[PDB]
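One structure is given here, and the rest of the page talks about it.
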Amino acid sequence: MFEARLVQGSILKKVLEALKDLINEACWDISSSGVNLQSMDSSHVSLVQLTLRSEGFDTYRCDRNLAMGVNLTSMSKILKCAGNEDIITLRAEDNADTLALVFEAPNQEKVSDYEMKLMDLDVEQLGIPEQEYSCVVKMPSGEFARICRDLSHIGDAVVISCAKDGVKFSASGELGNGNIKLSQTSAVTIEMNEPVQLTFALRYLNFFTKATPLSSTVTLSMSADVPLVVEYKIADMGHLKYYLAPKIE
Amino acid sequence: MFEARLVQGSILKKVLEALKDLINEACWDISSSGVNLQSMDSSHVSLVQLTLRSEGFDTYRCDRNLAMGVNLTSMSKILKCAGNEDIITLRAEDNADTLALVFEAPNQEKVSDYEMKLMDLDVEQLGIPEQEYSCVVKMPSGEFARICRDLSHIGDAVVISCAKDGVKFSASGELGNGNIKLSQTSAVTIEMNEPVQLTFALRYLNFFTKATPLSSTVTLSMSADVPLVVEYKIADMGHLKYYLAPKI
Amino acid sequence: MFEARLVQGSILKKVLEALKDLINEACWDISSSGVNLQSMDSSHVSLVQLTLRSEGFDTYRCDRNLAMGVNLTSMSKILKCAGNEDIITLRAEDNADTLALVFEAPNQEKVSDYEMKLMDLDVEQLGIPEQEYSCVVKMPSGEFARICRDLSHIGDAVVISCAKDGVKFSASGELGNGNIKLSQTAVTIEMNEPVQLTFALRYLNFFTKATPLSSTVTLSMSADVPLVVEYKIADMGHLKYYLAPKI
Amino acid sequence: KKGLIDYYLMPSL
Amino acid sequence: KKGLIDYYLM
Amino acid sequence: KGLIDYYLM
């Protein structure tokens, strides 16, 4: 059997909000380590990677590994029926055909039980390379969301340009061009082995930023000839990483 | 004439908001005892019944009984032009083809007057049975609205089951199923003479919950083989009851 | 060169919001006295006029008069990338192909620069004649916006009629009619002769997009002249809207 | 029939 | 003609 | 190369 109890049920609601508009269905890999999801979007230009370690759940049991094929829109509709302060329990039989989600209102005397149908999904899961990066930029998540939103009003593509003392974001379209320069602060932090000047699709980025409610900070890891990683920490329990292939033209 | 003055005019704003998406046009029956409106929706699956007692108005005058044919969307447009703190007076001459609505602002030296054309409605008179129900559930209006809304994302129908200590609402659809159980409170209050398990169309309940602003409480009365009633109190004046036929 | 620094950059954000749904394009006429913009809407039923005086800006330089053709939808988009607390600097050469706009964040450590392509406009700025008004009504801008909105749900046109003690706004349509009566006791009327004039609510509801600029609005009215809806800007100028009589 | 309010109104069917 | 701002200009 | 597949392992 699988059973996971998360008192801060709101984490789950935000994760579904952060995922459901980018990918339609995905395998939730459940094991003794916790809950892992890894999925490319339809176009294969981006990849999402969710970790929820077992020790972040108030209780966790996984008797056998399990790949749960999930329609993310359906899971999201179910999770909208949870209040923000609900304790959320996930539960599935071995070789499950369905997933049970139970929501306990901690003030109120109200219990909701939902039962989600699972999909049979053909796997195909390739390893994500382990590496270190030329530049790692830590900054406030709300700032990054705003910067991506604003620039998308000017152009399709963001040039991200990073040196030891600051990071620059540039866009350019029909109406003109723009660039936002943030200075490293005493927070905006830059850990740089060497400078980078890389271009990416804002359309995808403005989807990553729907994870903003998970954390007040976001980190950007980049190198020449490799995907951008935009990571959001899910405090004391995991993270949500989005990878973005460089833009070609 | 007919003339009624309502210091708390927002009540009337909320009543129109609660009616206009469900009912296009209705007769307002004016009389000495107050205002009564009764109407089926155009599909005949639901019925609404508004009662405002003459007592609950600050002044009230009715010389001759009046059946006033009203397009609820027009009336709603007019009441939009009332602020939430306004004193609202309704006035109709005895051979009325129009209704006057006068909005007196609290603070400012602003008064507004509107004249609304009435319509010629020949609606069918028909009696709502008075009865005692198998189950009566008193609960927060907001909670009932959240339940109906959330379940309608799962399926089109709700099964409501009631027992001495608890009411359950459940729905099932293509994505799977869902049920919500609320225990009697020691606020939810359940008076179960005999248990029910009944099916209703969620879509219509979502129209009824547009009355949520009139009351922080709602009451669901149900028995086998009869429509559900969903009742909101208009405190110190009357009520809005929605009736819903069982889904077949 | 032209260069203007405005510490209250939200003035310009609000100006462009007050312009961009009424007019698509316009010449910003920059001189040493300040910035003027004048443009009819595309239907020719109304006219807007913007004055921002040089002494309203914290720094102001203009070595040569310029006429900069601007797509206002684009300028809006750029100004959306400015926060409400930002210092904004406009910059342009004397033979300008582009407008530079620089936003300096308050908490600091954030500077944005935007470069907007200008356009060629060949417009014919005829004169607004300085008139005399039978009735000038000074009122709260929130209250005027609410009235124009509410009445637009009853009919097309407002009949504005004014006299010693108060002003009345009326409309009528298929559903019926309505009147709103405001007395002078903050409502202020200086009237030499009574007036009863009709105007299109559709244009007035574009005008009220300027309501964020001021908590008061003045309506200047006579028979046989356009209505002026005026919003003062701070201590630095105004936006005036002119509306032909609804015929 | 039974899914319509008409069925239940006075005199009830 | 009178419903146009042109009429009132110059 | 503008696809993630390119980089997977």
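Chains as they are written, first to last, in the numbering used here: chain A, 39 to 287; chain B, 4 to 251; chain C, 5 to 251; chain D, 5 to 17; chain E, 5 to 14; chain F, 141 to 149.
Beta carbons: idealized from backbone N, C-alpha and C, even for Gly.
Touching by the beta-carbon criterion (3+ pairs, under 8 Å), the stretch 7-25 of chain C and the stretch 91-99 of chain C: yes
Among B/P109, B/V48, B/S35, B/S42, the one whose alpha carbon lies nearest that of B/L55: On the second sequence, position 52 is the one that residue 55 of chain B refers to. The shortest C-alpha separation from B/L55 is found at B/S35.
Buried versus exposed, by CB contacts within 10 Å (16 or more), A/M39: By 1-based counting over the first sequence, the position of residue 39 of chain A is 1. So A/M39 counts as exposed.
Run of the beta strand (DSSP E) containing A/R43, from where it starts to where it stops: On the first sequence, position 5 is the one that residue 43 of chain A refers to. Its beta strand (DSSP E) spans residues 40-44.
Near-chain C residues of the stretch 216-236 of chain A - C-beta to any C-beta below 9 Å: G216, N217, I218, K219, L220, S221, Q222, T223, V226
Pair within 9 Å by beta-carbon distance, C/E21 and C/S43: Position 17 of the third sequence, counted from the start, is the residue given in the question as residue 21 of chain C. Position 39 of the third sequence, counted from the start, is the residue given in the question as residue 43 of chain C. The answer is no: Cβ separation not under 9 Å.
7 Å Cβ shell around A/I185 - same chain, five flanking residues per side excluded: The sequence position of residue 185 of chain A within the first sequence is 147, counting from 1. Closer than 7 Å at Cβ, skipping near neighbours: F207, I218.
CA nearest to the CA of B/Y117, picked from C/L155, C/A214, C/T202: Counted from its first residue, the second sequence places residue 117 of chain B at position 114. Answer by Cα proximity: C/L155.
Alpha-carbon to alpha-carbon, B/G72 and C/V232: Here residue 232 of chain C refers to the residue found at position 228 when the third sequence is read from its first residue. Here residue 72 of chain B refers to the residue found at position 69 when the second sequence is read from its first residue. Cα to Cα, the separation comes out at about 42 Å.
Under 9 Å between C-beta atoms of B/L185 and A/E147: Mapped onto the second sequence, residue 185 of chain B falls at position 182. Mapped onto the first sequence, residue 147 of chain A falls at position 109. Yes. Within cutoff.
Cross-strand partners of B/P143 (DSSP beta bridge): Working through the second sequence from its first residue, we reach residue 143 of chain B at position 140. B/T220.
Exposure of C/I193, with buried meaning 16 or more beta-carbon neighbours within 10 Å: The residue given as residue 193 of chain C occupies position 189 in the third sequence. Label assigned to C/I193: buried.
Range covered by the alpha helix (DSSP H) that runs through C/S80: Numbered from 1 along the third sequence, position 76 holds the residue referred to as residue 80 of chain C. 76-84 is the extent of the alpha helix (DSSP H) around C/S80.
Option nearest B/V161 by Cα separation, candidates B/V139, B/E146, B/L208: Mapped onto the second sequence, residue 161 of chain B falls at position 158. Answer by Cα proximity: B/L208.
Assumed close pair B/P230, D/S16 - CB separation to whole angstroms, cut-off 8 Å: Sequence index remark: in the second sequence, residue 230 of chain B carries index 227 (1-based). Sequence index remark: in the fourth sequence, residue 16 of chain D carries index 12 (1-based). The Cβ separation is near 11 Å, so there is no contact.
Where the stretch 45-56 of chain B meets chain D: residues whose CB sits under 9 Å from a CB there: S46, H47, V48, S49, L50
DSSP three-state assignment for B/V18, whether helix, strand or coil: Your numbering for residue 18 of chain B matches position 15 in the second sequence. Looking at B/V18 - three-state DSSP - the assignment turns out to be helix.
Residues from the stretch 144-161 of chain C in contact with chain B, defined by Cβ distance under 8 Å: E147, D154, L155, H157, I158
In chain order, each alpha helix (DSSP H) run of at least 4 residues that lies wholly inside the stretch 159-245 of chain B: 205-211
Sufficient close CB pairs (3 or more, under 8 Å) joining the stretch 46-55 of chain C to the stretch 64-80 of chain C: no
Whether C/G60 touches C/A238 by CB criterion (9 Å): For this step, residue 60 of chain C is matched to residue 56 along the third sequence. For this step, residue 238 of chain C is matched to residue 234 along the third sequence. Contact: yes.
Residue from A/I192, A/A138, A/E269, A/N109 with nearest C-alpha to residue 14 of chain A: For chain A, the structure presents residues 39 to 287; residue 14 of chain A sits outside this window and is missing.
Close-in-space but distant-in-sequence residues of the same chain around B/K244 (CB under 6 Å, 5 per side omitted): As a first step, residue 244 of chain B is located in the second sequence; it is residue number 241 there, counting from the start. So the list reads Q52, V232, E234, once near-sequence residues are dropped.
For B/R152, three-class secondary structure by DSSP: If you number the second sequence from 1, residue 152 of chain B lands on position 149. In this structure, B/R152 counts as helix in the three-state DSSP scheme.
Reference C/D228; option with closest CA among C/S58, C/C31, C/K213, C/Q200: Looking up residue 228 of chain C in the third sequence gives position 224. Cα-wise, what sits closest to C/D228 is C/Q200.
Pair within 9 Å by beta-carbon distance, A/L75 and A/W66: Here residue 75 of chain A refers to the residue found at position 37 of the first sequence. Here residue 66 of chain A refers to the residue found at position 28 of the first sequence. Against a cut-off of 9 Å, the Cβ pair of A/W66 and A/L75 comes out as a contact.
Contact list for the stretch 13-38 of chain B against chain C, Cβ threshold 9 Å: none
Integer Cβ distance of residue 4 of chain C from C/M143, believed to fall under 8 Å: Since the first residue of chain C shown is 5 and the last is 251, residue 4 of chain C is not available in this structure.
Reduced DSSP secondary structure (H/G/I, E/B, other) of C/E59: The count along the third sequence starts at 1 and reaches residue 59 of chain C at position 55. DSSP places C/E59 in helix when its eight states are reduced to three.
Neighbourhood of C/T215 by C-beta distance below 7 Å, restricted to the same chain and skipping five residues each side: Position 211 of the third sequence, counting from 1, holds the residue named residue 215 of chain C. These residues qualify, in order along the chain: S145, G146, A149.
Buried versus exposed, by CB contacts within 10 Å (16 or more), F/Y146: Mapped onto the sixth sequence, residue 146 of chain F falls at position 6. Looking at its Cβ environment, which holds fewer than 16 other Cβ atoms inside 10 Å, F/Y146 is exposed.
Assigned secondary structure, C/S37 (DSSP; H/G/I helix, E/B strand, else coil): Here the question's residue 37 of chain C lines up with position 33 in the third sequence. Three-state DSSP puts C/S37 in coil, outside helix and strand.
E/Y11, DSSP secondary structure in three states: Translated into the one-based positions of the fifth sequence, residue 11 of chain E becomes position 7. E/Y11 falls in the helix class under three-state DSSP.
B/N98 classed as buried or exposed, judged by whether at least 16 other C-beta atoms fall within 10 angstroms: Position 95 of the second sequence holds residue 98 of chain B. By the neighbour-count rule (16 or more Cβ atoms within 10 Å), B/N98 is not buried but exposed.
Nonlocal neighbours in the same chain, by C-beta distance under 6 Å from C/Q135, ignoring five residues either side: Residue mapping note: residue 135 of chain C aligns to position 131 of the third sequence, counting from 1. So the list reads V229, once near-sequence residues are dropped.
Where A/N145 falls, given that 16 or more other Cβ within 10 Å makes a residue buried: Counted from its first residue, the first sequence places residue 145 of chain A at position 107. Looking at its Cβ environment, which holds fewer than 16 other Cβ atoms inside 10 Å, A/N145 is exposed.
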